[PDB]
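Asks: Below you'll find the structure I mean.
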Amino acid sequence: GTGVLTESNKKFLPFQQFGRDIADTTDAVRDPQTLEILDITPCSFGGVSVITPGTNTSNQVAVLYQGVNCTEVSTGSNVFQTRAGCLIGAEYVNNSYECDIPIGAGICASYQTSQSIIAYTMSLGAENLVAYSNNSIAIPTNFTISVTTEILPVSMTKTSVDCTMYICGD
Amino acid sequence: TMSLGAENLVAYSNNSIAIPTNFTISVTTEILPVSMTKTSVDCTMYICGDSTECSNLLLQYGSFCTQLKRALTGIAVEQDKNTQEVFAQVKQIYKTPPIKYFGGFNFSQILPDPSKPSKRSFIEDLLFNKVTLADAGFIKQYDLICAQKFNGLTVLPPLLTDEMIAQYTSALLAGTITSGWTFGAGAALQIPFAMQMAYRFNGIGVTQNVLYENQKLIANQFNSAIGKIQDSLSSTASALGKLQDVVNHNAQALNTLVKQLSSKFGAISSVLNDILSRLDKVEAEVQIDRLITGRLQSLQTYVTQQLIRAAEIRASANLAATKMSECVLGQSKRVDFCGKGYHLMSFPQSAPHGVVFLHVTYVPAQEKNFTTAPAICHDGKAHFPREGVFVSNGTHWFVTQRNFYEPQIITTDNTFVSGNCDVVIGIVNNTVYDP
Amino acid sequence: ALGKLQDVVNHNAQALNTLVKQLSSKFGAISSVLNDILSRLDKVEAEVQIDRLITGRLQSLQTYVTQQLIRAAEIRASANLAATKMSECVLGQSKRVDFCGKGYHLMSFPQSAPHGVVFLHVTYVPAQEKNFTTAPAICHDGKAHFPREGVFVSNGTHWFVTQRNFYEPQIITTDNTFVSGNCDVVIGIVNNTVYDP
Ligand SMILES: *[C@@H]1O[C@H](CO)[C@@H](O[C@@H]2O[C@H](CO)[C@@H](O)[C@H](O)[C@H]2NC(C)=O)[C@H](O)[C@H]1NC(C)=O
Ligand SMILES: *[C@@H]1O[C@H](CO)[C@@H](O[C@@H]2O[C@H](CO)[C@@H](O)[C@H](O)[C@H]2NC(C)=O)[C@H](O)[C@H]1NC(C)=O
Ligand SMILES: *[C@@H]1O[C@H](CO)[C@@H](O[C@@H]2O[C@H](CO)[C@@H](O)[C@H](O)[C@H]2NC(C)=O)[C@H](O)[C@H]1NC(C)=O
Ligand SMILES: *[C@@H]1O[C@H](CO)[C@@H](O[C@@H]2O[C@H](CO)[C@@H](O)[C@H](O)[C@H]2NC(C)=O)[C@H](O)[C@H]1NC(C)=O
Ligand SMILES: *[C@@H]1O[C@H](CO)[C@@H](O[C@@H]2O[C@H](CO)[C@@H](O)[C@H](O)[C@H]2NC(C)=O)[C@H](O)[C@H]1NC(C)=O
Ligand SMILES: *[C@@H]1O[C@H](CO)[C@@H](O[C@@H]2O[C@H](CO)[C@@H](O)[C@H](O)[C@H]2NC(C)=O)[C@H](O)[C@H]1NC(C)=O
Ligand SMILES: *[C@@H]1O[C@H](CO)[C@@H](O[C@@H]2O[C@H](CO)[C@@H](O)[C@H](O)[C@H]2NC(C)=O)[C@H](O)[C@H]1NC(C)=O
Ligand SMILES: *[C@@H]1O[C@H](CO)[C@@H](O)[C@H](O)[C@H]1NC(C)=O
Ligand SMILES: *[C@@H]1O[C@H](CO)[C@@H](O)[C@H](O)[C@H]1NC(C)=O
Ligand SMILES: *[C@@H]1O[C@H](CO)[C@@H](O)[C@H](O)[C@H]1NC(C)=O
Ligand SMILES: *[C@@H]1O[C@H](CO)[C@@H](O)[C@H](O)[C@H]1NC(C)=O
Ligand SMILES: *[C@@H]1O[C@H](CO)[C@@H](O)[C@H](O)[C@H]1NC(C)=O
Ligand SMILES: *[C@@H]1O[C@H](CO)[C@@H](O)[C@H](O)[C@H]1NC(C)=O
Ligand SMILES: *[C@@H]1O[C@H](CO)[C@@H](O)[C@H](O)[C@H]1NC(C)=O
Ligand SMILES: *[C@@H]1O[C@H](CO)[C@@H](O)[C@H](O)[C@H]1NC(C)=O
């Protein structure tokens, strides 16, 4: 196998020699020479996603190592820690704007100005408190006739497949 | 034999009408799933964990893994779209002024509490306590989940945090309370809550003087209903059944996918390393192919089940978005759509992977028999009610509303004439007063 | 502009292209070409490879049909929604909120598009609002007068009754209002004169 061997405190009985897991993978072993218990762990791995504005715009990209602390990480000096992982190549900004490239856990990324990729907390909207009281009513004095557009799919492509021709052509 | 219900025959006749004389303000609860767990699967790690020979043999089977990954990513994006559609229906983050005199109604249990770290409400916190999440997708530093992670199955965190969902529901609630349905059309227009409730009463066919002359009773009934909602959501643990069921189904699917790795599928062993160590390349290729095919079919079944369940969740989220648009951003004339009874309003609350609507409805309470008539003859003309129904308590005739007994003397302002008194079936004789 | 329709077309085209490209996979056979297997092997030896190719391509077709069935269910739901919007927004005026566009719905106009429909929803949106002082009712001669259709407003000195969606103040008369009981119950009642025509 391949993995990291660590000292273990598992309570192996004197007759046992190895331990299994849910998927029947050996998670602990007994050293044949020095009868100690070793825990076997997968070494280290994770997903790597690439945040990028279109290649029409810029070839500069940011990288997201998903679900890892910013210590187990090509690698710029712009590391940032999101609940979704470690974000390298994005300058975190205390401002908040509308989400442009959703990264996760409320963190979004955009390409903005000397332009660079920035990461920020997405903005839900501008705050607005209603001037409410028990003898005040706001009544409109004018109107606006708006024309909105709504697009709805209706049908799709009618496809036909020749099973014999596709599988066993002539 | 199961019972459909208690039999009940309606005392019907052609000159008898039952009209309610009192009402009840009910607050029902409706739970709707919105999103599910965003899962990601590493095809190579799941099928051929750290094995070059298995990976090389897996390259033969084409692009099954790429389309499994594409399907999972599509579902993952769809979940955030569902949440955004249900909750992000408000253009601005509204908020109420510090004064909390909403015409005697007590909204303190649904408005946010600043004391808590997350600015959730009391009922929202109860809802979050009633549902336990197997995994939120957050960072897991160095179980039934470690086995999943080591085999390539991970969970992605949702784009909108629970705090953002709480802020969205707070904006919706503040807009509803301080502006009625006006914030769903254009800019929010402030209006006293008593006047907003008077409009809501007018919207179901009851005159506003009923609300104004019974304001304290209605406020007390609403407060009692909210308190009963609190008690029910704090007592019965099995309250949010649907959301917990969604979480359980996703977790069970992942656990089944992991346990499928211990199947031999006809090979000598389920462990790739044992096959590699005990057999030559020619002999081990057959066993590795069997394991690859079995695990690929298991992944296919998991993705198919996920796609069908995601379609179901998308339908539920569309329904929740419609209920937010129609029940919360306005008053609904649709029957049994925003709760049982005549709909007055609704209040949204977030919950793990779902939304909860507190539907406030008006239910007639105490009905009485009366003798009715389609029309009335005064001077050879037939008088019909402009808005209401003719009733009689035994000796005198009045005209009342159709949903609340408020009899008034039959005058020419209440009624309109149409033709003579030789056509209407069931007409009666009475005097119509002239102001 | 028409993102959804183009997305549908792209998804179908991509599915067909994937189905075609699956024909170049060996699936464990010596070759992905049927003719090469037939020419280089005897019947007994070639049957195994042909079976492997047949099984792989059959599974690929199964995946394509399953994806198509799920996507067709999605498109059918969308088409049912479009039919409902045609019935309610175009063939009539809708009271449902945010169903035929944001705002108070006036009308809608349909337009065709490749594999889809486009609705131009005409809606009415209030524009310029002003503050006013309001009151649930009014006392004239010991009776409480409530608006028949509208809301009582005041510009600072005088009291009028207006519509709820458009400021059109009118003198409070007995035709605008109706009486209900006395003036000892309503909370927030005010004092004003009701004109008698
Ligand atoms: C209501 O709004 C409309 C436009 O939103 C106003 O019409 C404009 O009036 C100004 C001043 O006379 C003109 O310069 C514009 O050309 C008009 N626009 C249009 C489209 O007609 C209208 O005056 C407003 N009414 C009130 C009472 O404020
Ligand atoms: C309508 O029903 C409500 C309650 O359903 C009645 O209010 C109750 O009245 C009794 C008698 O005065 C009190 O003891 C209760 O405390 C009241 N309850 C509440 C919640 O206020 C009301 O009296 C009924 N009205 C009519 C006309 O029957
Ligand atoms: C609205 O209801 C809440 C509770 O349902 C009220 O808060 C209670 O107030 C009493 C007296 O002030 C306290 O003894 C309780 O401990 C409070 N409970 C909670 C949970 O806060 C609140 O006072 C009500 N609102 C109004 C305006 O009366
Ligand atoms: C039906 O309602 C009428 C209207 O109130 C009743 O007539 C009144 O009865 C009371 C008895 O307490 C008298 O004091 C009033 O003078 C009566 N008014 C008129 C205009 O007649 C009548 O008694 C009711 N009848 C029944 C059977 O309930
Ligand atoms: C309602 O009143 C009318 C008029 O008072 C009644 O019509 C009378 O009916 C009797 C008997 O059929 C005739 O003799 C009269 O000539 C009718 N008068 C008129 C003016 O047409 C009618 O019968 C009454 N209805 C009831 C149910 O009592
Ligand atoms: C509120 O509206 C009333 C009604 O128009 C105003 O009263 C009028 O004010 C104008 C001033 O230009 C006078 O010419 C009229 O004679 C007044 N009419 C009456 C019946 O009094 C009043 O001034 C307005 N007040 C405010 C604060 O806007
Ligand atoms: C509205 O008008 C009524 C009647 O003009 C006022 O009622 C009077 O109140 C005073 C002070 O409480 C009493 O001394 C009078 O006897 C009352 N008159 C009547 C006929 O009841 C009432 O106070 C006024 N309301 C406001 C807010 O000014
Ligand atoms: C095994 O051999 C090693 C060295 O060859 C020795 O140090 C150790 O004590 C031995 N242990 C046993 C159980 O024989
Ligand atoms: C380049 O692509 C971006 C998409 O991020 C778009 O906003 C921009 O307008 C494009 N520019 C050109 C010149 O096509
Ligand atoms: C990362 O590890 C450090 C210690 O090595 C710890 O203090 C920190 O909380 C960790 N952060 C995350 C997000 O795991
Ligand atoms: C954001 O603000 C905090 C304090 O409010 C500060 O410590 C931090 O350096 C700021 N970040 C940036 C990128 O300026
Ligand atoms: C409005 O409510 C406040 C309590 O917050 C009260 O003091 C005030 O008198 C009320 N105004 C009217 C006009 O009733
Ligand atoms: C009601 O209908 C019955 C027939 O079932 C009839 O005999 C009776 O006269 C009717 N009552 C009135 C008031 O018309
Ligand atoms: C009306 O009278 C009938 C007569 O049998 C009775 O059954 C019914 O309960 C009464 N309805 C009400 C509301 O009292
Ligand atoms: C009404 O008055 C309040 C007082 O603060 C103000 O904030 C609000 O903008 C006013 N509304 C309108 C429509 O002018």
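We're sticking with Swiss-Prot numbering for chain B, so the shown stretch reads 696-837, 848-1140, in order.
Recorded method for this deposit: electron microscopy, 3.0 Å.
Here the Cβ of each residue, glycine as well, is placed from N, Cα and C on the backbone.
According to Swiss-Prot, the feature N-linked glycosylation site maps to B:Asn709, B:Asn717, B:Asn801, B:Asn1074, B:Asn1098, B:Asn1134, an assignment based on experimental evidence. As annotated by Swiss-Prot, disulfide bond applies to B:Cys738-B:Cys760, B:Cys743-B:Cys749, B:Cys1032-B:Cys1043, B:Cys1082-B:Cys1126. Per Swiss-Prot, region 'Fusion peptide 1' is recorded for B:816-837.
Quick one: where do these features end up spatially?
Replies: Cβ neighbours of B:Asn709 (N-linked glycosylation site) (same chain, under 8 Å, six or more residues apart in sequence): B:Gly1131.
Classification of B:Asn717 (N-linked glycosylation site) by DSSP places it in coil, neither helical nor stranded.
According to DSSP, B:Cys738 (disulfide bond) is assigned to a helical segment.
Shown in sequence order, B:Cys749, B:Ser750, B:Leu752, B:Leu753, B:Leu977, B:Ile997 are the residues of the chain, 6+ apart in sequence, with a C-beta less than 8 angstroms from the C-beta of B:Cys743 (disulfide bond).
Under DSSP, B:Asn801 (N-linked glycosylation site) is assigned to coil, being neither helix nor strand in the three-state scheme.
Within the chain, the region 'Fusion peptide 1' (B:816-837) has long-range Cβ neighbours (under 8 A, six or more residues past its boundaries) at 732-733, 803-808, 850, 854, 859-863, 867, 871, 874-875, 934-935, 938-939, 942, 944-945, 948-949, 952, 955-956, 1054-1058, 1061, 1063.
Sequence-distant neighbours of B:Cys1032 (disulfide bond) (same chain, 6+ residues apart, CB-CB distance under 8 A): B:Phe1042, B:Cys1043, B:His1048, B:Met1050, B:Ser1051, B:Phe1062, B:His1064.
In sequence order, B:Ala706, B:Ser711, B:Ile712, B:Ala713 are the residues of the chain that are 6 or more apart from B:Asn1074 (N-linked glycosylation site) and have a CB within less than 8 Å of its CB. In the three-state DSSP reading, B:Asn1074 (N-linked glycosylation site) counts as strand.
A sphere of 10 angstroms centred on the C-beta of B:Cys1126 (disulfide bond) encloses 17 other C-beta atoms.
A coil conformation is recorded for B:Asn1098 (N-linked glycosylation site) in the three-state DSSP classification, outside any helix or strand. For B:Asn1098 (N-linked glycosylation site), other Cβ atoms within 10 Å of its Cβ number 13.
According to its DSSP assignment, B:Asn1134 (N-linked glycosylation site) is in a strand.
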Asks: Looking only at the region 'Fusion peptide 1' (B:816-837), how are its residues distributed among DSSP helix, strand and coil?
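Replies: Counting residues per DSSP class in the region 'Fusion peptide 1' (B:816-837), I get 9 helix, 0 strand, 13 coil.
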Asks: Taking Cα atoms as reference points, which of the disulfide-bonded residues B:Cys738, B:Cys760, B:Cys1126 is nearest to B:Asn717 (N-linked glycosylation site)?
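Replies: Sorting the disulfide-bonded residues by distance from B:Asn717 (N-linked glycosylation site), the top entry is B:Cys1126.
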Asks: Per DSSP, B:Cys1082 (disulfide bond) is which: helix, strand or coil?
Replies: strand
Asks: Could you check which of the recorded positions B:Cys738, B:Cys760, B:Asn801 is the closest Cα neighbour of B:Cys1126 (disulfide bond)?
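Replies: Going through B:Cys738, B:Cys760, B:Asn801 one by one, the Cα closest to that of B:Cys1126 (disulfide bond) is B:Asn801.
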Asks: May I ask you to report the DSSP-based helix, strand or coil state of B:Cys749 (disulfide bond)?
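Replies: Going by the DSSP assignment, B:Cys749 (disulfide bond) falls within a helical segment, counted as helix.
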Asks: Name the one residue among B:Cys760, B:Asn801, B:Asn1134 whose Cα is closest in three-dimensional space to that of B:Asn1098 (N-linked glycosylation site); these are the recorded positions.
Replies: B:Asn1134
Asks: Could you check which of these recorded positions, B:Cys738, B:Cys760, B:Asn801, B:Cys1082, sit within 10 Å of B:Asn1134 (N-linked glycosylation site), going Cα to Cα?
Replies: B:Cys1082
Asks: Return the member of B:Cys738, B:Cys760, B:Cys1082 nearest to B:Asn801 (N-linked glycosylation site) in space, with distance defined Cα to Cα and candidates limited to these disulfide-bonded residues.
Replies: B:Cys1082
Asks: C-alpha of B:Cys1082 (disulfide bond) to C-alpha of B:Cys738 (disulfide bond): distance in Å?
Replies: 84
